file input-v9.pdb (PDB, N, CA and C atoms)
ATOM      1  N   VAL S   1    -112.858-111.967-274.263  1.00  0.00           N
ATOM      2  CA  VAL S   1    -114.157-111.907-273.613  1.00  0.00           C
ATOM      3  C   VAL S   1    -114.870-113.249-273.726  1.00  0.00           C
ATOM      4  N   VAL S   2    -115.147-113.854-272.579  1.00  0.00           N
ATOM      5  CA  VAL S   2    -115.861-115.119-272.501  1.00  0.00           C
ATOM      6  C   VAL S   2    -117.257-114.849-271.947  1.00  0.00           C
ATOM      7  N   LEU S   3    -118.256-115.502-272.534  1.00  0.00           N
ATOM      8  CA  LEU S   3    -119.649-115.315-272.162  1.00  0.00           C
ATOM      9  C   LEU S   3    -120.214-116.637-271.671  1.00  0.00           C
ATOM     10  N   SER S   4    -120.637-116.666-270.410  1.00  0.00           N
ATOM     11  CA  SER S   4    -121.227-117.847-269.805  1.00  0.00           C
ATOM     12  C   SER S   4    -122.744-117.744-269.860  1.00  0.00           C
ATOM     13  N   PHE S   5    -123.408-118.886-269.995  1.00  0.00           N
ATOM     14  CA  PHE S   5    -124.855-118.930-270.187  1.00  0.00           C
ATOM     15  C   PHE S   5    -125.471-119.897-269.181  1.00  0.00           C
ATOM     16  N   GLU S   6    -126.068-119.351-268.128  1.00  0.00           N
ATOM     17  CA  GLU S   6    -126.652-120.157-267.066  1.00  0.00           C
ATOM     18  C   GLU S   6    -128.104-120.484-267.379  1.00  0.00           C
ATOM     19  N   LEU S   7    -128.514-121.701-267.040  1.00  0.00           N
ATOM     20  CA  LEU S   7    -129.882-122.149-267.278  1.00  0.00           C
ATOM     21  C   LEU S   7    -130.383-122.941-266.066  1.00  0.00           C
ATOM     22  N   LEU S   8    -130.241-122.360-264.875  1.00  0.00           N
ATOM     23  CA  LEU S   8    -130.802-122.969-263.679  1.00  0.00           C
ATOM     24  C   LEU S   8    -132.320-122.773-263.655  1.00  0.00           C
ATOM     25  N   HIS S   9    -132.981-123.365-262.658  1.00  0.00           N
ATOM     26  CA  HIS S   9    -134.430-123.227-262.519  1.00  0.00           C
ATOM     27  C   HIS S   9    -134.750-121.822-262.030  1.00  0.00           C
ATOM     28  N   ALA S  10    -135.287-121.002-262.926  1.00  0.00           N
ATOM     29  CA  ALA S  10    -135.577-119.604-262.655  1.00  0.00           C
ATOM     30  C   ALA S  10    -136.568-119.118-263.700  1.00  0.00           C
ATOM     31  N   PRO S  11    -137.235-117.992-263.453  1.00  0.00           N
ATOM     32  CA  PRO S  11    -137.983-117.327-264.526  1.00  0.00           C
ATOM     33  C   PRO S  11    -137.064-116.639-265.520  1.00  0.00           C
ATOM     34  N   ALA S  12    -136.632-117.363-266.559  1.00  0.00           N
ATOM     35  CA  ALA S  12    -135.617-116.903-267.502  1.00  0.00           C
ATOM     36  C   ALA S  12    -136.022-115.650-268.262  1.00  0.00           C
ATOM     37  N   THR S  13    -135.442-114.515-267.885  1.00  0.00           N
ATOM     38  CA  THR S  13    -135.717-113.227-268.502  1.00  0.00           C
ATOM     39  C   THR S  13    -134.442-112.574-269.022  1.00  0.00           C
TER
ATOM     40  N   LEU Z   1    -142.845-109.710-260.092  1.00  0.00           N
ATOM     41  CA  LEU Z   1    -141.403-109.775-260.012  1.00  0.00           C
ATOM     42  C   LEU Z   1    -140.922-111.189-260.292  1.00  0.00           C
ATOM     43  N   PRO Z   2    -139.899-111.360-261.123  1.00  0.00           N
ATOM     44  CA  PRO Z   2    -139.406-112.702-261.448  1.00  0.00           C
ATOM     45  C   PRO Z   2    -138.365-113.213-260.465  1.00  0.00           C
ATOM     46  N   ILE Z   3    -138.398-112.697-259.230  1.00  0.00           N
ATOM     47  CA  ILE Z   3    -137.372-112.986-258.226  1.00  0.00           C
ATOM     48  C   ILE Z   3    -137.370-114.462-257.857  1.00  0.00           C
ATOM     49  N   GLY Z   4    -138.435-114.904-257.181  1.00  0.00           N
ATOM     50  CA  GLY Z   4    -138.841-116.290-256.993  1.00  0.00           C
ATOM     51  C   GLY Z   4    -137.803-117.291-256.546  1.00  0.00           C
ATOM     52  N   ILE Z   5    -137.028-117.003-255.503  1.00  0.00           N
ATOM     53  CA  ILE Z   5    -136.123-118.024-254.999  1.00  0.00           C
ATOM     54  C   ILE Z   5    -136.922-118.992-254.137  1.00  0.00           C
ATOM     55  N   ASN Z   6    -137.368-118.527-252.972  1.00  0.00           N
ATOM     56  CA  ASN Z   6    -137.968-119.367-251.943  1.00  0.00           C
ATOM     57  C   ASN Z   6    -138.430-118.429-250.840  1.00  0.00           C
ATOM     58  N   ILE Z   7    -139.480-118.831-250.132  1.00  0.00           N
ATOM     59  CA  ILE Z   7    -139.981-118.031-249.022  1.00  0.00           C
ATOM     60  C   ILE Z   7    -140.692-118.962-248.047  1.00  0.00           C
ATOM     61  N   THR Z   8    -140.523-118.680-246.758  1.00  0.00           N
ATOM     62  CA  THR Z   8    -141.273-119.355-245.704  1.00  0.00           C
ATOM     63  C   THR Z   8    -141.869-118.407-244.672  1.00  0.00           C
ATOM     64  N   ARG Z   9    -141.205-117.312-244.319  1.00  0.00           N
ATOM     65  CA  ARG Z   9    -141.661-116.427-243.260  1.00  0.00           C
ATOM     66  C   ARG Z   9    -141.597-114.983-243.727  1.00  0.00           C
ATOM     67  N   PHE Z  10    -142.100-114.072-242.886  1.00  0.00           N
ATOM     68  CA  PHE Z  10    -142.000-112.640-243.145  1.00  0.00           C
ATOM     69  C   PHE Z  10    -142.246-111.855-241.866  1.00  0.00           C
ATOM     70  N   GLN Z  11    -141.943-110.557-241.930  1.00  0.00           N
ATOM     71  CA  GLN Z  11    -142.279-109.605-240.879  1.00  0.00           C
ATOM     72  C   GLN Z  11    -142.299-108.204-241.464  1.00  0.00           C
ATOM     73  N   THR Z  12    -142.834-107.268-240.691  1.00  0.00           N
ATOM     74  CA  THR Z  12    -143.140-105.921-241.147  1.00  0.00           C
ATOM     75  C   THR Z  12    -142.228-104.889-240.493  1.00  0.00           C
ATOM     76  N   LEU Z  13    -142.500-103.620-240.802  1.00  0.00           N
ATOM     77  CA  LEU Z  13    -141.762-102.474-240.272  1.00  0.00           C
ATOM     78  C   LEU Z  13    -142.659-101.471-239.552  1.00  0.00           C
ATOM     79  N   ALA Z  14    -153.600-101.624-235.811  1.00  0.00           N
ATOM     80  CA  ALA Z  14    -152.838-100.940-236.847  1.00  0.00           C
ATOM     81  C   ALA Z  14    -152.810-101.768-238.117  1.00  0.00           C
ATOM     82  N   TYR Z  15    -152.554-103.068-237.996  1.00  0.00           N
ATOM     83  CA  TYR Z  15    -152.504-103.907-239.177  1.00  0.00           C
ATOM     84  C   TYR Z  15    -152.997-105.315-238.857  1.00  0.00           C
ATOM     85  N   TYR Z  16    -153.236-106.089-239.918  1.00  0.00           N
ATOM     86  CA  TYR Z  16    -153.986-107.333-239.865  1.00  0.00           C
ATOM     87  C   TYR Z  16    -153.268-108.369-240.707  1.00  0.00           C
ATOM     88  N   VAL Z  17    -153.455-109.647-240.401  1.00  0.00           N
ATOM     89  CA  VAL Z  17    -152.884-110.713-241.220  1.00  0.00           C
ATOM     90  C   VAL Z  17    -153.926-111.806-241.398  1.00  0.00           C
ATOM     91  N   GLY Z  18    -154.345-112.040-242.645  1.00  0.00           N
ATOM     92  CA  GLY Z  18    -155.124-113.203-242.995  1.00  0.00           C
ATOM     93  C   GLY Z  18    -154.310-114.097-243.912  1.00  0.00           C
ATOM     94  N   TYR Z  19    -154.806-115.301-244.125  1.00  0.00           N
ATOM     95  CA  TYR Z  19    -154.177-116.249-245.025  1.00  0.00           C
ATOM     96  C   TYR Z  19    -155.107-116.567-246.188  1.00  0.00           C
ATOM     97  N   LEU Z  20    -154.572-117.243-247.199  1.00  0.00           N
ATOM     98  CA  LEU Z  20    -155.309-117.530-248.418  1.00  0.00           C
ATOM     99  C   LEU Z  20    -155.437-119.038-248.571  1.00  0.00           C
ATOM    100  N   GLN Z  21    -156.651-119.513-248.798  1.00  0.00           N
ATOM    101  CA  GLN Z  21    -156.923-120.916-249.055  1.00  0.00           C
ATOM    102  C   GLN Z  21    -157.387-121.105-250.493  1.00  0.00           C
ATOM    103  N   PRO Z  22    -157.283-122.311-251.041  1.00  0.00           N
ATOM    104  CA  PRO Z  22    -157.812-122.556-252.390  1.00  0.00           C
ATOM    105  C   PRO Z  22    -159.330-122.605-252.476  1.00  0.00           C
ATOM    106  N   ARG Z  23    -159.993-121.475-252.689  1.00  0.00           N
ATOM    107  CA  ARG Z  23    -161.442-121.444-252.774  1.00  0.00           C
ATOM    108  C   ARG Z  23    -161.914-121.375-254.224  1.00  0.00           C
ATOM    109  N   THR Z  24    -163.212-121.163-254.407  1.00  0.00           N
ATOM    110  CA  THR Z  24    -163.837-121.075-255.723  1.00  0.00           C
ATOM    111  C   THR Z  24    -164.908-120.007-255.635  1.00  0.00           C
ATOM    112  N   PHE Z  25    -164.716-118.874-256.297  1.00  0.00           N
ATOM    113  CA  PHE Z  25    -165.672-117.785-256.181  1.00  0.00           C
ATOM    114  C   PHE Z  25    -166.440-117.604-257.480  1.00  0.00           C
ATOM    115  N   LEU Z  26    -167.575-116.927-257.382  1.00  0.00           N
ATOM    116  CA  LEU Z  26    -168.352-116.493-258.534  1.00  0.00           C
ATOM    117  C   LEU Z  26    -168.289-114.978-258.583  1.00  0.00           C
ATOM    118  N   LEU Z  27    -167.685-114.440-259.629  1.00  0.00           N
ATOM    119  CA  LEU Z  27    -167.386-113.021-259.721  1.00  0.00           C
ATOM    120  C   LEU Z  27    -168.361-112.345-260.664  1.00  0.00           C
TER
END
call {"tool": "encode", "arguments": {"input": "input-v9.pdb", "output": "C-alpha cells"}}
result
Amino acid sequence: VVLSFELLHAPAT
Amino acid sequence: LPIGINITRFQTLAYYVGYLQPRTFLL
C-alpha cells in the first residue's frame, strides 16, 4: 500500500 | 463549500439577477 500526498493550491481539508 | 476551482459564468433551471460591488455599509 502506497500513500500519495498532494499539496496543490486548494482549501486543504 | 471548499470546492473552489474556478468560475466565470452560470445559468439556471419569475427571477432576477443583480451583481455585487465592493461597497461599505453601516449595519
call {"tool": "residues_around", "arguments": {"input": "input-v9.pdb", "residues": "residue 10 of chain S", "least_positions_apart": "2", "cutoff": "10 Å", "atoms": "only C-alpha atoms", "output": "PyMOL selection string"}}
result
(chain S and resi 6-8+12-13) or (chain Z and resi 2-5)
call {"tool": "atom_distance", "arguments": {"input": "input-v9.pdb", "atom1": "atom C of residue 6 of chain Z", "atom2": "atom N of residue 11 of chain S"}}
result
12.7 Å
call {"tool": "axis_aligned_box", "arguments": {"input": "input-v9.pdb", "around": "segment 6-19 of chain Z", "padding_each_side": "4 Å", "output": "lines of an AutoDock Vina configuration file"}}
result
center_x = -146.2
center_y = -110.2
center_z = -244.4
size_x = 25.8
size_y = 26.4
size_z = 25.2
call {"tool": "decode", "arguments": {"input": "input-v9.pdb", "residues": "chain Z", "atoms": "C-alpha atoms", "output": "PDB file, in the first residue's frame"}}
result
ATOM      1  CA  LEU Z   1     -18.097  24.582   0.290  1.00  0.00           C
ATOM      2  CA  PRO Z   2     -14.332  24.097  -0.168  1.00  0.00           C
ATOM      3  CA  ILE Z   3     -14.816  23.288  -3.870  1.00  0.00           C
ATOM      4  CA  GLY Z   4     -13.258  26.476  -5.289  1.00  0.00           C
ATOM      5  CA  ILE Z   5     -11.755  25.563  -8.647  1.00  0.00           C
ATOM      6  CA  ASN Z   6     -12.754  28.473 -10.901  1.00  0.00           C
ATOM      7  CA  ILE Z   7     -15.917  30.122 -12.182  1.00  0.00           C
ATOM      8  CA  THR Z   8     -16.845  32.624 -14.885  1.00  0.00           C
ATOM      9  CA  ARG Z   9     -20.471  32.003 -15.966  1.00  0.00           C
ATOM     10  CA  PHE Z  10     -23.709  30.374 -14.811  1.00  0.00           C
ATOM     11  CA  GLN Z  11     -27.298  29.569 -15.752  1.00  0.00           C
ATOM     12  CA  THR Z  12     -30.473  28.338 -14.080  1.00  0.00           C
ATOM     13  CA  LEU Z  13     -33.142  25.632 -14.395  1.00  0.00           C
ATOM     14  CA  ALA Z  14     -40.077  34.806 -12.271  1.00  0.00           C
ATOM     15  CA  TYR Z  15     -36.492  35.517 -11.278  1.00  0.00           C
ATOM     16  CA  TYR Z  16     -33.964  38.341 -11.075  1.00  0.00           C
ATOM     17  CA  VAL Z  17     -30.204  38.848 -11.362  1.00  0.00           C
ATOM     18  CA  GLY Z  18     -28.218  41.573  -9.632  1.00  0.00           C
ATOM     19  CA  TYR Z  19     -24.477  41.885  -9.176  1.00  0.00           C
ATOM     20  CA  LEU Z  20     -22.316  42.708  -6.162  1.00  0.00           C
ATOM     21  CA  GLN Z  21     -19.892  45.632  -5.936  1.00  0.00           C
ATOM     22  CA  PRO Z  22     -17.376  46.449  -3.178  1.00  0.00           C
ATOM     23  CA  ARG Z  23     -19.453  48.802  -1.007  1.00  0.00           C
ATOM     24  CA  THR Z  24     -19.298  49.928   2.636  1.00  0.00           C
ATOM     25  CA  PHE Z  25     -22.431  49.662   4.762  1.00  0.00           C
ATOM     26  CA  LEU Z  26     -23.400  50.689   8.283  1.00  0.00           C
ATOM     27  CA  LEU Z  27     -25.301  47.843   9.921  1.00  0.00           C
TER      28      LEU Z  27
END
